[PDB]
Amino acid sequence: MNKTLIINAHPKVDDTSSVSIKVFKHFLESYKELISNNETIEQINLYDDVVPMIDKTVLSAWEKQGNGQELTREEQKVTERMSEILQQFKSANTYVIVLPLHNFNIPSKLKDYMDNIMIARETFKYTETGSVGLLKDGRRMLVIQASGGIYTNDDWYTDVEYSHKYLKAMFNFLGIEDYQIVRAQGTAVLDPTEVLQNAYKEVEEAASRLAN
Amino acid sequence: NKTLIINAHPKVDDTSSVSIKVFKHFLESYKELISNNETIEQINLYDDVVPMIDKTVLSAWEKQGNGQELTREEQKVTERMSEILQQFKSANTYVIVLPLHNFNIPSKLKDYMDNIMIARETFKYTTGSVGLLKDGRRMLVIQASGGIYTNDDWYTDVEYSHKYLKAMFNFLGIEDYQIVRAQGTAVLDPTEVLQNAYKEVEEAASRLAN
Ligand SMILES: Cc1cc2nc3c(=O)[nH]c(=O)nc-3n(C[C@H](O)[C@H](O)[C@H](O)COP(=O)(O)O)c2cc1C
Ligand SMILES: Cc1cc2nc3c(=O)[nH]c(=O)nc-3n(C[C@H](O)[C@H](O)[C@H](O)COP(=O)(O)O)c2cc1C
Ligand SMILES: [Zn+2]
Ligand SMILES: [Zn+2]
Ligand SMILES: [Zn+2]
C-alpha cells in the first residue's frame, strides 16, 4: 500500500502568509500532478486536530496497561486517540513534515506528536544491546522548515539547529534513512524572492523524487 | 533575591517520580540553608497556564508590530505571556525539573521557552545576538532518564533535552549551568540512582545557598 502522510506542525495551519505553508502548498501541487491513483494522501494538522500530550492521565493509563488494570473512561479516551495517531503514522510510507523554526527546536505540538508515535514494540523495540527502530522498510521523509536565520554556513547557527538535528536523529533511529530537509532559510536576511524561488525549486525536485 | 523553580513534570507532585523525589530532596536542603529575606517561587508547567505559540499569539505579535489594535483574546494571551517573562526575569536562581521523554524537553517546557525567549527582554538582536541576563544568574537542571547519558556514545549524542537547555540559557547569558542526571532508572536499582542524585542536589543546594 502507498500512502503519504502530511504532518503539518504550523500553528497557522493553512494561512498562506506563512513561508513554510506556501512552500508546502507548492510541494503538494507538484506531488499530486505526479502520483498514481493508487496513492492516498492523509494530513494531520497538529494545531487543529486533537494531538494528546503526555500528561498525568496518559502516564497513569500507560502504568495500568503494564499491570493489566482497568482504565478510567478518561484514560481510555486519551489512549484511544493516541492509538489512532500511531496507527495512522505506521500506515504511511511517505511523510512530509511542515514547520516554522521557533526558538531553535521543534514546535511543542510536534513534540506531542513524537510522543504519540515513538512507542515501544510499535515503532522501535528494546534489545540486549539497546534499542532498534522497527520502521526499516524503505520509508521516506521530507521536512519543510522555514527559518529567519541561515543554518548551512557551519557556524553557531548550525550547532543550535536542534529542530533538524532532533527530527533527523529520531526518524533515522525508527528506521527512516531516506530523509530530506528543505530549508526555506534566511527569511530575516534575504530577499523574499530568493528564499521562495529556491524553496519552490527544491520541493519541486522532492515531489518528482518522491512520486517515483 | 529570588529562586524560581520551573517544574516541567507532567505528574507535578507525585513522588513516584524520580525527578520529583530528587527535586524535593534538593528543595528541603535548600530551604534549610537560605536566608530569611529570600523568596522561592514555583511554576508547575502542567498545572498552570503557559501559553503556546498558536494563531492567536502570532496574530497578536504581528499586530503589535504594525501598531494595530489587539482583540480581547490577543490582549489576554499576551498579558499572560508578559507575566511569565517578568516572573522569569525577576529571579537569579533557576531550577528546572524534568523527566526525559523521547530525547527532548517536555512539550510544555518548549512552550515555556517560547514565553521567555523574547527580543529586547532576555536577549537582543545586535554584531550578533547577545543575552541580557548576564548578571551572575544560576541554573540547575534536575533530569531523570531511563538511560545513561554520560558514556559518550549514541545516547550522549541524542540527549537533546540537555543540549537545548544549555545552549538556550547560555545564549540568554546564563552561563552558570549545572545538570543533575538521575539517569539509568531503566538499568540500575532505584535506590542506587537516588543515592547518587541526592548527594548531587545536596551539594548543589549548599553551593547555591552560599
Ligand atoms: C516566536 C518566534 C521564534 C522564532 N525563532 C527563530 C529561531 O530560533 N531561529 C530562526 O532562524 N528563526 C526564528 N524565527 C523566525 C521564523 O523562523 C521565520 O519568521 C520563519 O519564516 C517563520 O516561518 P513561517 O513563515 O512559515 O511561519 C522565529 C519567529 C518567531 C515568531
Ligand atoms: C513516554 C516515555 C518516553 C521516554 N523516553 C526516554 C528517552 O527518550 N530516554 C531515556 O533515557 N528514558 C526515556 N524514558 C524513561 C524515563 O526517562 C524514566 O522512566 C525516568 O525515570 C522518568 O522520570 P520520572 O521518574 O521523574 O517520571 C521515557 C519514559 C516514558 C514514559
Ligand atoms: Zn505553486
Ligand atoms: Zn495543583
Ligand atoms: Zn532495591
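Each residue's number is its place along the chain shown, starting with 1.
Quick reminder: no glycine exception, Cβ is built from N, Cα and C everywhere.
Straight from Swiss-Prot, the features:
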{"type": "BINDING", "residues": "B:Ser17, B:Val18, B:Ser19", "note": "FMN binding site"}
Proximal but sequence-remote residues of the same chain as B:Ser17 (FMN binding site) (Cβ under 8 Å, at least 6 apart): B:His9, B:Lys11, B:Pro99, B:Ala144
Which residues, same chain and not among B:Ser17, B:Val18, B:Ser19, have a CB within 8 angstroms of the centroid of the CB atoms at the recorded FMN site? B:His9, B:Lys11, B:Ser16, B:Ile20, B:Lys21, B:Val22, B:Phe23, B:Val97, B:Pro99, B:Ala144, B:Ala182, B:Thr185
Which residue, of the binding-site residues B:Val18, B:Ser19, has its CB surrounded by the fewest other CB atoms within 10 A? B:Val18
